[PDB]
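Below sits a lone chain in structure tokens, taken as the form deposited in one PDB entry.
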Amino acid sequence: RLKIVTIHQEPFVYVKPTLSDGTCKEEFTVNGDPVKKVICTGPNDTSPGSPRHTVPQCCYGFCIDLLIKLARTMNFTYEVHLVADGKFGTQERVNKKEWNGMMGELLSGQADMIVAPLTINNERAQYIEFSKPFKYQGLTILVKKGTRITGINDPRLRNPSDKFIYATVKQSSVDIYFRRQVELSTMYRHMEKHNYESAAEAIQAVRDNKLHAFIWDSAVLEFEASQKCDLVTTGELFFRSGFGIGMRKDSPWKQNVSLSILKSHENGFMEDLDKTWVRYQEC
């Protein structure tokens, strides 16, 4: 019975309360099919430095459908939980270094597999096994409709001031990316003061004119812009990256997880998930 760790990240992972009886509300997809939901335990209010009260919740979305497909293909059972600290995972200095987020849970044995929109990168690949990518995407910039920014090389990003605020999500692949590239140090120092605990909080802050630009995954940002017409993406993709399933290096499932993902791209299953969860709406 595999312990699966995930994270709230629409449209990949939706997280909703259970009904009073502890079951999940019956719903249908955009195509009329029943939505497959799983019980996922996790903390409720994610306020930093506070105690975490774990409660059963309902999880569904692209990554949950992918998990169900992996479980049926490879004949394994599982139990899903939401990452306790609500983060994707970075390695921070404490000489000693430690991993937080889903990366920390997988390496400590709190999870056996990460099934989420987890970016494949050098830093994490030294410690864990990533599958071949289940999604190819990159980074883009989300702004309020009307905000004029050319992209990553715009002077309001490259020569920053407190008049135009931009940020990413703390302890994420975007935070890793900006901290590693010396040429991005000017931007990293600006963002460090303004980074958000979660993508949802950052997206809301762009809608509320509290954050002028949010730098994040195009797979998420393009979805948000397709749903909220006051939100737009700007500029070409940069840091073209993919999402992969994460496992420990000694996992007996690693070869078959990657073969299953390749099979899914090739037979149209991955495109079926894009049509169900990602590309069905337009602004």
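When you see a residue number, it is the position in the sequence shown, counting from 1. The term rigid core refers to the maximal set of C-alpha atoms that superpose within 1.5 Å between the two forms.
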query	finding
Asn95 left out of the model in a third or more of other PDB entries	yes
Cross-entry absence of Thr46, a third or more of other PDB entries	yes
Interval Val94-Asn95, deposited residues with no coordinates in the entry (none, 1 to 3, 4 to 9, 10 or more)	1 to 3
Average Cα temperature factor in the PDB entry - higher stretch of 72-80, 123-131	72-80
Mean temperature factor over C-alpha atoms, higher-scoring stretch between 274-282 and 1-9	274-282
Out of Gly246, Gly61, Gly235, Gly242, residue topping the C-alpha B-factor column of the entry	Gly235
Options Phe178, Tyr196, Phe164, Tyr136 - largest CA temperature factor per the record	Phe164
Cα B factor band for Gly86 (lowest, middle or highest third within the chain)	lowest
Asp230 - Cα temperature factor, lowest/middle/highest third of chain	highest
Modelled-residue ranking by C-alpha temperature factor, third containing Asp217	lowest
Relative C-alpha B-factor of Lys25, binned into the chain's lowest, middle or highest third	highest
Third of chain Cα B-factors occupied by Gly109	middle
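Just so it is clear, the following notes concern the form deposited in another entry, a form of the same protein that is not shown.
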| item | value |
| --- | --- |
| Comparing forms between the shown form and the other one after core superposition, the one residue of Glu26, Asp33, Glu236, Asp230 displaced by 2 Å or more at CA | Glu236 |
| After fitting the core, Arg248 CA displacement of 2 Å or more between the shown form and the other one | no |
| Pair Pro51/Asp112, Cα separation in that other deposited form versus the displayed form, closer or farther by 3 angstroms or more | farther |
